[PDB]
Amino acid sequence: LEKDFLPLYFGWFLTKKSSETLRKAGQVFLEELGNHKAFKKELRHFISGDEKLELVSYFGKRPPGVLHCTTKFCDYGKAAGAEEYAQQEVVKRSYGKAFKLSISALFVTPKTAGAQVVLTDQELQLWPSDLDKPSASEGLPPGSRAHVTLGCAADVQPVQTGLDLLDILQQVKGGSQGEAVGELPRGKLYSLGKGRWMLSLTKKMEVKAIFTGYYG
C-alpha cells in the first residue's frame, strides 16, 4: 500500500470578498507609500538603481486569485514536521472550517509586501511548533510569523514575506520602530530603515477565511 501524501501547505484561504478587500488595501498602501516624501527620500536604501518608483510595479509578482495565510508548509510530506503537524486532532477537526483573521499592519521591504496577521488563541492551536526554528523568530511569541503575502520583487520567493515580517517585529521589539513619520488614512506610517516600512492600522481589518490544504 502507498501512503497518502499531504498538502503542499495548510493555511487559511480568504474568501473572494475578503481577498478583494485586503488586496485593494494593500494596493492603496503601495500607492500612498510611493507617493510619500519620507519614502522618496530613502529610495537609495530601497534600490541601488537610479524620477519616481511605482511600488505596484516593483512588486510585480502578486497572488493571482485569493489570498492566504499559511500555517504549515508541508511539501506533500517532505518538509520536516509535516506529518506531525497534519496528524494533530485540531488540524483534522478544523479542516474546512471558517475562521476570522485580524490584520494589524501592512508592510513593505525591498523584497516583499505583506499584511501582518494576529491570531486568536483558537487559531494559534493550528500554528505549527517545530524543532528547527528561525533565528529571527527568537524572543517573539508563537505565531508572530503569520502573514498574508501581497507582492514580491522579481527575484524573491513568497516565503521571504514571513522572514521580513519577523525582522520588522524584531526591530519593534527593540524599540527601533521610532517616531511615526507619516499619517495615512488607515494608520501611522513607520520608517524602520534598510528600506523597511510599516503601516499600523488604526482599526484592524477582519477577514473571513477557510482553513484547508493547498495541493498545487
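One-based numbering along the sequence shown.
Student: Can you check if, in at least a third of the other PDB entries compared, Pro134 has no modelled coordinates?
Tutor: In at least a third of the comparable entries (those modelling both sides of it), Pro134 has no coordinates.
Student: Across the other PDB entries of this protein that model residues on both sides of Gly49, is it left without coordinates in at least a third of them?
Tutor: It is, since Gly49 is left out of at least a third of the other entries that model both flanking stretches.
Student: Checking chain continuity here. Are there deposited residues lacking coordinates between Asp155 and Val156, and if so is it 1 to 3, 4 to 9, or 10 or more (or none)?
Tutor: Nothing is missing.
Student: Check the entry's C-alpha temperature factors for 8-16 and 202-210, then say which stretch has the higher mean.
Tutor: Between 202-210 and 8-16, it is 202-210 that shows the higher mean C-alpha B-factor.
Student: Where do the C-alpha atoms have the higher mean temperature factor in this entry, in 164-172 or in 182-190?
Tutor: Looking at the record's C-alpha B-factors, the answer is 182-190.
Student: If you check the C-alpha B-factor for each of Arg62, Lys52, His147, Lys41 in the entry, which is highest?
Tutor: Result of the comparison over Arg62, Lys52, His147, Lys41: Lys41.
Student: Of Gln177, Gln27, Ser57, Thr70, which one's C-alpha B factor is largest in the deposited record?
Tutor: Of the candidates given, the C-alpha B-factor peaks at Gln177.
Student: Report the third (lowest, middle or highest) to which the CA temperature factor of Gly81 belongs, ranking only the modelled residues of the same chain.
Tutor: Ranked within chain, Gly81 CA B lands in the middle tercile.
Student: Per the entry's values, where does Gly143 land by CA temperature factor relative to the rest of its chain, in the lowest, middle or highest third?
Tutor: Within its chain, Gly143 is a middle-third residue by C-alpha B-factor, going by the deposited values.
Student: Going by the recorded CA B-factors, say which third of the chain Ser135 sits in, lowest, middle or highest.
Tutor: It belongs to the highest third of the chain when residues are ordered by C-alpha B-factor.
Student: Lowest, middle or highest third: where is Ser94 by Cα B-factor in its chain?
Tutor: CA B-factor rank for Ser94: lowest third.
Student: If you rank the chain by CA B-factor, which third does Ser129 end up in: lowest, middle or highest?
Tutor: Highest third of the chain for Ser129's C-alpha B-factor.
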